[PDB]
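Structure, as structure tokens:
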Amino acid sequence: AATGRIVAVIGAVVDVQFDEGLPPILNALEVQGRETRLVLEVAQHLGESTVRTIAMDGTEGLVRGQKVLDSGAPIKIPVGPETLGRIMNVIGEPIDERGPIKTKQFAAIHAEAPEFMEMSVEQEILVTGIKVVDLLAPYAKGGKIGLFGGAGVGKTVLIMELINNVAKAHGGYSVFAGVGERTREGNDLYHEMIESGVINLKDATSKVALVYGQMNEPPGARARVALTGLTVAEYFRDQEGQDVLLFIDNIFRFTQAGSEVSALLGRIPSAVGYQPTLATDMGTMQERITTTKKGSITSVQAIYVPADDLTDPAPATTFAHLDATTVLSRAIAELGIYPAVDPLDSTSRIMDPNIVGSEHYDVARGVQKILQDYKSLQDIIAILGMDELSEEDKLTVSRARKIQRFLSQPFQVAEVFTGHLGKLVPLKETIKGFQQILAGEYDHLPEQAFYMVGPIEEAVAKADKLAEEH
Amino acid sequence: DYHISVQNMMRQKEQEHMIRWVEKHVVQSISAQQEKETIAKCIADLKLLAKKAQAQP
Amino acid sequence: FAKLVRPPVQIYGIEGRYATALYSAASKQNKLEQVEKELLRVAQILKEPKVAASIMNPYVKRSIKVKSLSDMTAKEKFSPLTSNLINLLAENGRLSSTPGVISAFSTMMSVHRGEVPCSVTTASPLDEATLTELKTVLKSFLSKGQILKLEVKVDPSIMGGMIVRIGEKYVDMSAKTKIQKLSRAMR
Amino acid sequence: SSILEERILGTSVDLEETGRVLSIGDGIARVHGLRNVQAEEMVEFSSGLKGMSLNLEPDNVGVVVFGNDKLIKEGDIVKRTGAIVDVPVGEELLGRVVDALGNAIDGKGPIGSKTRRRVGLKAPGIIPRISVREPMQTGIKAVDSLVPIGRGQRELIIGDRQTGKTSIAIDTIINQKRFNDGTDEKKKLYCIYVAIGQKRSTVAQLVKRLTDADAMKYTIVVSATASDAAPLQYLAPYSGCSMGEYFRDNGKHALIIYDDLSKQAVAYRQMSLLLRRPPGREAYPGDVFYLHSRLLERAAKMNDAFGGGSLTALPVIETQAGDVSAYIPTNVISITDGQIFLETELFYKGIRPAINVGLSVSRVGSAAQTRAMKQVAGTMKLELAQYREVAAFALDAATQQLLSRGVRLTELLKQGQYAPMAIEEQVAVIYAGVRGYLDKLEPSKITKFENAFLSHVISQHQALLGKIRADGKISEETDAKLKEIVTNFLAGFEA
Amino acid sequence: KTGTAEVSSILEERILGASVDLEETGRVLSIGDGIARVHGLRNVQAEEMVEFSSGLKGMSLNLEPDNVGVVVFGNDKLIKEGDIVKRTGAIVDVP
Amino acid sequence: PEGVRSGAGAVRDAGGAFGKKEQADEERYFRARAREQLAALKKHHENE
Ligand SMILES: Nc1ncnc2c1ncn2[C@@H]1O[C@H](COP(=O)(O)OP(=O)(O)OP(=O)(O)O)[C@@H](O)[C@H]1O
Ligand SMILES: Nc1ncnc2c1ncn2[C@@H]1O[C@H](COP(=O)(O)OP(=O)(O)O)[C@@H](O)[C@H]1O
Ligand SMILES: [Mg+2]
Ligand SMILES: [Mg+2]
């Protein structure tokens, strides 16, 4: 119910002066006189009836003295069951050219976190079909998962295989949010989910909703799409008692986007050129992704590590918010082993003898011990040759090399790259295969038989064919 | 090719010098008395032009 | 904080701040002309070298300066809010920019009935009859407003012509056309 | 004579809005005045210069100049054109050399154009796109066989100084002649070259090299050399992308090259600091990532509802002492789809071009590649992968044979300069090596065999190549023919 | 060198003669990122807890010649320019 | 505690001459044994 005027335009930060009423912080404003829709968000009160705002789109063509209106509430977006199978914007606008989204409810993207007396204490295992994850770092229902890695190691392929394995066998719904990534991949995912039948253009039996904001957008938009993405999922968790899934691609762009406007807001930089409000801003958002007593949310998040440095302040302050971590490495990928999961740098919270049993626990600890012992023997071999080692050391090295190969596995979404069909392995075969190799029942086979296979039964069938073709 | 190139170069030089001569003689020819009479004519003309422009609100 | 009346010209700076506050004060209680006259009188009385020496010495105490100015503004004649303005300026130690403040208020009041300043430039001095004809047509362009302010300037640098400025409008009709004729060489 | 009279034979004046200059120094002008001025709008000075407004503040406007600043002085007059900055576009620019704002500097004459287009526009979204399916051929043996490139992709060339980055693009431009001199319009490609920060003599030598191979008839050169003002070097790449986008929206294909993207960021940093904005890491502005992200997103492959056009990009980056984990290179590595690495140690060991095949990648999966090439390249991948893991120690059954084949395979990939090859000849020359026909000759003499065999095959067997070109794949009869040809020529070629 | 309290709204009230305490209360000048600038409170001690209009609490850390900077114990959305701050005359203590 | 302390596997992490020299030797030594193992597999399976 108030009207203002633009008095300054610098970069992506705008200042507005009000003569009648002063809108509160975290309010939405609309500019008058443009062919498209431009929205401003309040950040600070500068005194003398002035505010400093951040734009959600391009700012070219603005003129000092242009009228601005006040909406009177934070950003509101449609929500409900009519947003399944549709693509929407940061501010809730369809971008798939199929007409308006007709719902009955709206929600505000700025809320507050649940309190202490609403948390849940439950832990159950969630099997996926991947040997490394199911052996050394199991996942849990209603938990938080992180996928650390550098550039070009395989985060996106893994997050696609997780969807293909877990999402389709799930009763409930799912949400996917894309933050600061390539548009070309967002064109691929949309047409992949149509062939599989998860998204339907004729019936009303869809199961996924999509929200997108990519790396061609100004920093204002890239720092808000995640809240829009999780506001949708909160509706399916609270207003309906159902389990939900939530996938996020490169949550790192949420933090980088906030460092490109801090200087223009008048702030002194912190270490390595970050804003002084990093941890608080990260904590405010992360606390809303939880499984309260009214519903469950299972989240998978992909995190980018700049220049393969795990001590950087952005990934450093993210380990505390998770329940299970998988770390991808470039050294393993150069040997040709995929997925390039580091076996000595992954952790989980339910790796306890009282939750997964004793056999499963002993097998994993026995694998890790021999993998650690392998490293120390590689210093001796550098100076004195391979043949001067004792026979026990040679047996240790031979077993360790075979253990290393058996952790690789062909995926189903990577048939174009490798050229093989994918495989899925249950948990009991995963335990038994490593227990047998640790025992020493396959000391009469070459290494190549354990490379890119599924269960243990296929390695001997591969070795027999290799013997036949020799 | 040789003869054609030489002739073209001569043409270019002559054009440049003629342009320079014309401009310099325009500046030289413009005299104070010419300026007075032309400025009177221009006073009439530019006053009419200002009337024309002001006729379009 | 109560809302204030906005001056039209809206200049900026410390002098701008003080002038805007004083204009908002004067719009209330309706004393614009009186305060302008009193500001002119204050400008008249502060040019004395003795009081200037008292006002331009940083060694003297602020308290002494305040009373000296309070006595002068209490015995001179008038007691409007201008006395409060002088006292506040003395307390904040902004006595150096008083000419700036009064000039800002003067130009602020001028645009209240704005005269729309204009300018005419010529190589040779035009005749006064042509001058009044030019005034007659310039008022026609002025339309809604007040008496135009004409600055006649004689710059013989141009070969000949006439240059007119009216507010932010601008029309150039002079020997600048030589550049246009020179552009033939390019194309 | 009468021509100039007609030129001067062909004058209106009207009111305009105006501000006055308050200050001027080091290419930045502060202007008091203009009220209804848009952000990023082009204004004009008295003498003839041009500028653009970026900072809109309550009491002044900050304007950057497009040229020299020794003529501007306090008290002058500024006018506003009323249009956001734009450049001429069309296909009349083919064969011309123009500056960053579309002005001829080659001495031919005026450019007759009918259309203009803004420099800052948004990339296509999600709906109007489609997958990448067609090949983009270069003529480099080590690229077309191990690092293939499709149409609509972005690929990075990165290395140190004096390694050979420019010659790859120069060879790629020349190779396209055999397609443009044809009949069908579905296999033609246009080229654009952009030079940022280089000196003029190098550009002159590059243009002379292009014009002696009959390649300027389908190329556009945009230059902003080291003597130009910083805003022109900052504006040059977008002005070329906007020219490339014209072909993309009319069902045609185009190629663009940005030479030394590292030299645009220094001009951006210089321009931003003089505007009194706070610095960041290494005094770079706070949003250098957004400078390139909005640029490299404009290359896309359109579907049939929009025409089917495409646009491809090839940026270039330079690193200090082979340090790939610096600030600027890491930003651009995470944007593109792949990269090619060049090294000095391989350059001095006789491996030219110095492509590191153990690190170069291409995230296309060979989806756009001819059927014939896959058969002989998929098998060379394994040979080199197994050669690298053993044959470096600073028996005869396995090891000696492995490096005996590997040393032969390495020598096959070397190539000369300014001479790309057609696809089928590469297929034949690789087919000779992979099958083992050259496991007896000493490695020192392989290159002479390659040259002589290529000349003989081109001259005496012109009908065989057409079969492979037309069919797109090998056949039993073709395979039968090639063995006899290879064995006979090997027997006869011993000199 | 313009001061934080050298603003038109403050000066005008001094020009217009003139019922406000300015010894136990104050008013807000600006607010952002959990920091508030307050005008008044001439008797506030260092490291003292105050109370805002909405119900939130704060703590005094900077005692500048013309204003005092306070840290907010909550969310900035509930504070706006022109609110009223009052003392409590105590320092933090716990059960 | 203040100085630089090394660990296990540091020789192969630097990627100098010694790391590649170490890698090639293991590759050769374990390339040698697979032939014997395959030959003995074929003989065993043919015999029974
Ligand atoms: N295949 C090749 N065979 C022989 N010489 C080559 C080859 N490729 C490049 N060169 C030579 O390498 C040198 C450097 O090449 P180029 O000009 O492409 O380098 P650059 O990476 O662009 O360097 P700069 O940083 O100076 O621009 C030149 O002398 C060129 O002739
Ligand atoms: N089985 C596999 N799993 C994962 N990545 C693979 C596999 N085989 C090959 N790759 C390569 O790994 C690369 C990882 O690409 P991508 O996931 O886009 O990187 P990022 O993790 O940075 O998003 C692909 O380009 C692909 O060529
Ligand atoms: Mg990715
Ligand atoms: Mg070069």
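Chain labels run A, B, ... following the order of the structure tokens; each chain numbers its residues from 1, and ligands are numbered from 1 in the order shown.
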Quiz item: Near stretch 55-63 of chain E, within 7 Å and counting only C-alpha atoms, which residues show up once chain neighbours fewer than 5 positions away are dropped, as a list in words?
Solution: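 My list of contacting residues is residues 46, 47, 48, 49, 50, 68, 69, 70, 71, 72, 73 and 74 of chain E.
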Write a file of the just-selected residues containing N, CA and C atoms, as a CSV table (one decimal), in the first residue's frame.
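Once everything was written out, this is out.csv:
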chain,number,residue,atom,x,y,z
E,46,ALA,N,28.3,0.3,29.7
E,46,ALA,CA,28.8,-0.7,28.8
E,46,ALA,C,28.5,-2.1,29.2
E,47,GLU,N,28.1,-2.9,28.2
E,47,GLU,CA,27.7,-4.3,28.4
E,47,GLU,C,26.5,-4.4,29.3
E,48,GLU,N,25.4,-3.9,28.8
E,48,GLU,CA,24.1,-3.8,29.4
E,48,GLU,C,23.0,-4.3,28.5
E,49,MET,N,22.0,-5.0,29.1
E,49,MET,CA,20.9,-5.5,28.3
E,49,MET,C,19.8,-4.6,28.2
E,50,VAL,N,19.3,-4.4,27.0
E,50,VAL,CA,18.1,-3.5,26.7
E,50,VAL,C,17.0,-4.3,26.1
E,68,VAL,N,24.9,4.5,19.9
E,68,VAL,CA,25.4,3.3,20.5
E,68,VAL,C,24.9,2.1,19.6
E,69,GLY,N,25.9,1.2,19.4
E,69,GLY,CA,25.6,0.0,18.5
E,69,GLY,C,25.2,-1.2,19.4
E,70,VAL,N,24.2,-1.9,19.0
E,70,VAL,CA,23.6,-3.0,19.8
E,70,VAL,C,23.5,-4.2,18.9
E,71,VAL,N,23.7,-5.4,19.5
E,71,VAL,CA,23.6,-6.7,18.9
E,71,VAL,C,22.3,-7.3,19.2
E,72,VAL,N,21.6,-7.8,18.2
E,72,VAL,CA,20.2,-8.3,18.4
E,72,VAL,C,20.2,-9.8,18.7
E,73,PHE,N,19.4,-10.2,19.7
E,73,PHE,CA,19.2,-11.6,20.1
E,73,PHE,C,18.1,-12.3,19.4
E,74,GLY,N,18.1,-12.2,18.0
E,74,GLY,CA,17.0,-12.8,17.3
E,74,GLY,C,17.0,-12.5,15.8
Quiz prompt | Contacts of stretch 124-131 of chain C at 8 Å (only C-alpha atoms; same-chain gap of 6+ positions) as JSON, numbers by chain | solution = {"B": [36], "C": [154, 155, 156, 160]}
Practice problem: Considering only C-alpha atoms, return as a list in words whatever protein or nucleic-acid residues lie within 10 Å of residue D:21, sequence-local ones (same chain, fewer than 3 positions apart) excluded. | Solution: residues 24, 29, 30, 31, 32, 33, 60, 61, 72, 73, 74, 75, 76, 77 and 78 of chain D
Suppose we keep N, CA and C atoms; can you now write the selection as a short mmCIF file (atom, residue, chain, number, x, y, z; two decimals), in the first residue's frame?
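After the write, out09.cif holds the following:
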data_model
loop_
_atom_site.label_atom_id
_atom_site.label_comp_id
_atom_site.auth_asym_id
_atom_site.auth_seq_id
_atom_site.Cartn_x
_atom_site.Cartn_y
_atom_site.Cartn_z
N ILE D 24 37.28 14.79 -15.08
CA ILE D 24 37.77 13.84 -16.07
C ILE D 24 39.19 13.42 -15.72
N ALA D 29 34.69 9.75 -16.63
CA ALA D 29 34.11 11.09 -16.58
C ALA D 29 32.91 11.11 -15.66
N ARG D 30 32.83 12.14 -14.82
CA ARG D 30 31.69 12.35 -13.94
C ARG D 30 30.83 13.47 -14.52
N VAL D 31 29.55 13.18 -14.73
CA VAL D 31 28.66 14.07 -15.45
C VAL D 31 27.53 14.51 -14.53
N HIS D 32 27.39 15.82 -14.36
CA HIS D 32 26.21 16.42 -13.75
C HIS D 32 25.21 16.73 -14.84
N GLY D 33 23.93 16.53 -14.55
CA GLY D 33 22.94 16.69 -15.59
C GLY D 33 21.95 15.56 -15.76
N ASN D 60 25.45 12.26 -9.61
CA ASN D 60 26.31 12.21 -10.78
C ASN D 60 26.13 10.88 -11.49
N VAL D 61 26.67 10.81 -12.71
CA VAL D 61 26.65 9.61 -13.54
C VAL D 61 28.08 9.31 -13.96
N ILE D 72 38.51 15.48 -23.98
CA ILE D 72 37.46 15.86 -23.04
C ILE D 72 38.04 16.79 -21.99
N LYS D 73 37.28 17.83 -21.64
CA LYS D 73 37.72 18.75 -20.61
C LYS D 73 36.50 19.30 -19.88
N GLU D 74 36.74 19.78 -18.66
CA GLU D 74 35.67 20.21 -17.77
C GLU D 74 34.82 21.30 -18.40
N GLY D 75 33.50 21.15 -18.28
CA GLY D 75 32.56 22.12 -18.81
C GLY D 75 31.92 21.76 -20.13
N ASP D 76 32.18 20.57 -20.66
CA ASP D 76 31.71 20.20 -21.99
C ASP D 76 30.25 19.76 -21.94
N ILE D 77 29.77 19.19 -23.05
CA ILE D 77 28.37 18.87 -23.25
C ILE D 77 28.25 17.41 -23.65
N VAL D 78 27.29 16.70 -23.04
CA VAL D 78 27.03 15.30 -23.33
C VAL D 78 25.57 15.14 -23.73
#
Quiz item: If we count only C-alpha atoms, what is near residue A:135 at a cut-off of 12 Å, once residues fewer than 6 positions away on the same chain are taken out, given as a PyMOL selection string?
Solution: chain A and resi 125-129+343+346-348+350-351+356+359-368+407+425-435
Practice problem: Report as a PyMOL selection string the set of chain D residues whose atoms approach chain F to within 7 Å, with distances computed over only C-alpha atoms. | Solution: chain D and resi 389-390+392-394
Writing out the chosen residues with N, CA, C and O atoms as a CSV table (one decimal), in the first residue's frame:
chain,number,residue,atom,x,y,z
D,389,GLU,N,51.1,-47.7,-18.9
D,389,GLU,CA,51.2,-48.1,-17.5
D,389,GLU,C,52.4,-48.9,-17.2
D,389,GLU,O,52.7,-49.2,-16.1
D,390,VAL,N,53.2,-49.3,-18.3
D,390,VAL,CA,54.3,-50.2,-18.1
D,390,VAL,C,55.6,-49.6,-18.6
D,390,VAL,O,56.7,-49.6,-18.0
D,392,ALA,N,57.6,-47.2,-18.8
D,392,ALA,CA,58.3,-46.1,-18.2
D,392,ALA,C,59.1,-46.5,-17.0
D,392,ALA,O,58.5,-46.5,-15.9
D,393,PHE,N,60.3,-46.9,-17.1
D,393,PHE,CA,61.1,-47.4,-16.0
D,393,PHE,C,62.4,-46.6,-16.0
D,393,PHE,O,63.4,-47.0,-16.5
D,394,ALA,N,62.4,-45.5,-15.3
D,394,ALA,CA,63.5,-44.6,-15.1
D,394,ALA,C,64.6,-45.3,-14.3
D,394,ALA,O,65.6,-45.7,-14.8
Practice problem: Give as a PyMOL selection string every residue of chain D that touches chain B within 10 Å, counting only C-alpha atoms. | Solution: chain D and resi 1+4+13-15
Quiz item: Residues of stretch 121-195 of chain A in strand (DSSP E or B) according to DSSP, as a PyMOL selection string?
Solution: chain A and resi 125-126+139-140+144-149+173-179
Would you mind listing what lies within 9 Å of residue D:133 as an mmCIF file with N, CA and C atoms, in the first residue's frame, with only C-alpha atoms counted and same-chain residues fewer than 5 positions away left out?
data_model
loop_
_atom_site.group_PDB
_atom_site.id
_atom_site.type_symbol
_atom_site.label_atom_id
_atom_site.label_comp_id
_atom_site.auth_asym_id
_atom_site.auth_seq_id
_atom_site.Cartn_x
_atom_site.Cartn_y
_atom_site.Cartn_z
ATOM 1 N N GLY D 150 31.577 -32.365 -31.127
ATOM 2 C CA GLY D 150 30.318 -32.238 -31.827
ATOM 3 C C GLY D 150 29.944 -30.786 -32.090
ATOM 4 N N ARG D 151 28.796 -30.613 -32.740
ATOM 5 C CA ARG D 151 28.292 -29.294 -33.102
ATOM 6 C C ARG D 151 27.311 -28.819 -32.039
ATOM 7 N N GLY D 152 27.624 -27.688 -31.412
ATOM 8 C CA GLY D 152 26.867 -27.190 -30.286
ATOM 9 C C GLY D 152 27.565 -27.319 -28.952
ATOM 10 N N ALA D 367 29.166 -39.770 -29.302
ATOM 11 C CA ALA D 367 27.834 -39.873 -29.886
ATOM 12 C C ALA D 367 27.808 -39.352 -31.315
ATOM 13 N N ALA D 368 28.605 -38.330 -31.609
ATOM 14 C CA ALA D 368 28.690 -37.733 -32.939
ATOM 15 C C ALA D 368 30.063 -38.068 -33.515
ATOM 16 N N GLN D 369 30.151 -39.221 -34.173
ATOM 17 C CA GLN D 369 31.392 -39.668 -34.784
ATOM 18 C C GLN D 369 31.049 -40.685 -35.861
#
Quiz item: Hey, which residues come within 10 Å of ligand 3 if we count only C-alpha atoms and all ligand atoms? Could you give them as a list in words?
Solution: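 Checked against 10 Å with only C-alpha atoms and all ligand atoms; the hits are residues 149, 150, 151, 152, 153, 154, 155, 156, 157, 158, 159, 181, 182, 185, 249, 250, 302, 303 and 304 of chain A; 334 and 335 of chain D.
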Dump as JSON lines the rows for residues of chain A within 9 Å of chain F: closest atom pair and distance in Å with one decimal, only C-alpha atoms counted, ordered by chain and rising residue number.
{"residue": "A:331", "atom": "CA", "partner": "F:13", "partner_atom": "CA", "distance": 9.0}
{"residue": "A:372", "atom": "CA", "partner": "F:8", "partner_atom": "CA", "distance": 8.8}
{"residue": "A:374", "atom": "CA", "partner": "F:9", "partner_atom": "CA", "distance": 9.0}
{"residue": "A:375", "atom": "CA", "partner": "F:9", "partner_atom": "CA", "distance": 5.2}
{"residue": "A:376", "atom": "CA", "partner": "F:8", "partner_atom": "CA", "distance": 5.4}
{"residue": "A:377", "atom": "CA", "partner": "F:9", "partner_atom": "CA", "distance": 8.4}
{"residue": "A:378", "atom": "CA", "partner": "F:9", "partner_atom": "CA", "distance": 6.7}
{"residue": "A:379", "atom": "CA", "partner": "F:11", "partner_atom": "CA", "distance": 6.3}
{"residue": "A:381", "atom": "CA", "partner": "F:22", "partner_atom": "CA", "distance": 6.4}
{"residue": "A:382", "atom": "CA", "partner": "F:22", "partner_atom": "CA", "distance": 4.9}
{"residue": "A:383", "atom": "CA", "partner": "F:18", "partner_atom": "CA", "distance": 8.3}
{"residue": "A:385", "atom": "CA", "partner": "F:25", "partner_atom": "CA", "distance": 7.5}
{"residue": "A:386", "atom": "CA", "partner": "F:25", "partner_atom": "CA", "distance": 6.8}
{"residue": "A:387", "atom": "CA", "partner": "F:29", "partner_atom": "CA", "distance": 8.3}
{"residue": "A:398", "atom": "CA", "partner": "F:30", "partner_atom": "CA", "distance": 8.6}
{"residue": "A:444", "atom": "CA", "partner": "F:37", "partner_atom": "CA", "distance": 6.5}
{"residue": "A:445", "atom": "CA", "partner": "F:37", "partner_atom": "CA", "distance": 6.3}
{"residue": "A:446", "atom": "CA", "partner": "F:34", "partner_atom": "CA", "distance": 5.2}
{"residue": "A:447", "atom": "CA", "partner": "F:34", "partner_atom": "CA", "distance": 7.8}
{"residue": "A:448", "atom": "CA", "partner": "F:34", "partner_atom": "CA", "distance": 8.8}
{"residue": "A:463", "atom": "CA", "partner": "F:38", "partner_atom": "CA", "distance": 8.1}
{"residue": "A:464", "atom": "CA", "partner": "F:41", "partner_atom": "CA", "distance": 7.9}
{"residue": "A:466", "atom": "CA", "partner": "F:38", "partner_atom": "CA", "distance": 7.8}
{"residue": "A:467", "atom": "CA", "partner": "F:38", "partner_atom": "CA", "distance": 5.5}
{"residue": "A:468", "atom": "CA", "partner": "F:42", "partner_atom": "CA", "distance": 7.2}
{"residue": "A:470", "atom": "CA", "partner": "F:38", "partner_atom": "CA", "distance": 7.9}
Self-check item: Contacts to ligand 1 at 10 Å cut-off (only C-alpha atoms and all ligand atoms) as JSON, numbers by chain
Solution: {"D": [140, 157, 158, 159, 160, 161, 162, 163, 164, 165, 166, 167, 168, 169, 170, 171, 198, 202, 259, 260, 316, 317, 318, 319, 342, 347, 350, 351, 352, 353, 354, 414, 415, 416, 417, 418, 419]}
Practice problem: Could you find all residues in stretch 188-418 of chain A that DSSP calls helix (DSSP H, G or I) from the backbone, and write them as a ChimeraX atom specification? | Solution: /A:188-195,219-222,225-238,253-259,263-265,271-273,278-286,306-308,313-316,319-321,330-334,353-356,358-383,386-388,391-405,415-418
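Here the question is which of D:147, D:126, D:359, D:192 gets nearest to chain A using only C-alpha atoms, and that residue is D:126.
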Exercise. Write out as a PyMOL selection string which residues come within 10 Å of residue C:116 when counting only C-alpha atoms, dropping same-chain ones fewer than 3 positions away.
Key: chain C and resi 110-111+113+142+145-150+166-168
Exercise. Do a neighbour search on residue A:312 at 12 Å with only C-alpha atoms, toss out local chain neighbours closer than 6 positions, and write the hits as a ChimeraX atom specification.
Key: /A:252,271-274,304-306,318-319
Practice problem: Enumerate as a list in words the residues belonging to chain C that approach chain D to within 8 Å, with only C-alpha atoms taken into account. | Solution: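 Interface list for chain C against chain D: residues 11, 12, 168, 169, 170, 171, 172, 173, 181, 184 and 187 of chain C.
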With N, CA and C atoms kept, could you save the residues just selected as a PDB file, in the first residue's frame?
ATOM      1  N   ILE C  11      19.235  19.411  -3.767  1.00  0.00           N
ATOM      2  CA  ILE C  11      20.691  19.328  -3.835  1.00  0.00           C
ATOM      3  C   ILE C  11      21.200  18.447  -2.701  1.00  0.00           C
ATOM      4  N   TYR C  12      22.461  18.022  -2.788  1.00  0.00           N
ATOM      5  CA  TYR C  12      23.022  17.045  -1.866  1.00  0.00           C
ATOM      6  C   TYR C  12      24.310  17.574  -1.251  1.00  0.00           C
ATOM      7  N   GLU C 168      17.554  21.704 -19.700  1.00  0.00           N
ATOM      8  CA  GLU C 168      18.366  20.613 -20.213  1.00  0.00           C
ATOM      9  C   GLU C 168      18.272  20.463 -21.725  1.00  0.00           C
ATOM     10  N   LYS C 169      17.415  21.236 -22.385  1.00  0.00           N
ATOM     11  CA  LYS C 169      17.347  21.210 -23.835  1.00  0.00           C
ATOM     12  C   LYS C 169      18.563  21.908 -24.433  1.00  0.00           C
ATOM     13  N   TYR C 170      18.879  21.547 -25.674  1.00  0.00           N
ATOM     14  CA  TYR C 170      20.113  22.014 -26.299  1.00  0.00           C
ATOM     15  C   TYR C 170      19.985  21.880 -27.806  1.00  0.00           C
ATOM     16  N   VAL C 171      20.155  22.989 -28.519  1.00  0.00           N
ATOM     17  CA  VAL C 171      20.158  23.009 -29.976  1.00  0.00           C
ATOM     18  C   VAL C 171      21.409  23.744 -30.436  1.00  0.00           C
ATOM     19  N   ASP C 172      22.199  23.097 -31.284  1.00  0.00           N
ATOM     20  CA  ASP C 172      23.452  23.653 -31.778  1.00  0.00           C
ATOM     21  C   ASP C 172      23.310  23.968 -33.261  1.00  0.00           C
ATOM     22  N   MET C 173      23.401  25.253 -33.605  1.00  0.00           N
ATOM     23  CA  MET C 173      23.353  25.721 -34.991  1.00  0.00           C
ATOM     24  C   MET C 173      24.496  26.717 -35.165  1.00  0.00           C
ATOM     25  N   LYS C 181      30.827  18.291 -43.140  1.00  0.00           N
ATOM     26  CA  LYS C 181      31.380  18.337 -44.488  1.00  0.00           C
ATOM     27  C   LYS C 181      32.704  17.589 -44.577  1.00  0.00           C
ATOM     28  N   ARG C 184      32.675  13.720 -45.426  1.00  0.00           N
ATOM     29  CA  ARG C 184      32.643  13.238 -46.803  1.00  0.00           C
ATOM     30  C   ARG C 184      33.903  12.449 -47.142  1.00  0.00           C
ATOM     31  N   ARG C 187      33.373   9.007 -46.080  1.00  0.00           N
ATOM     32  CA  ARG C 187      32.387   8.398 -46.966  1.00  0.00           C
ATOM     33  C   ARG C 187      31.443   9.457 -47.524  1.00  0.00           C
TER      34      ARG C 187
END
Quiz item: Got a sec to pull out which chain C residues are within 6 Å of chain E, counting only C-alpha atoms, and send them as a ChimeraX atom specification?
Solution: /C:17,21,84
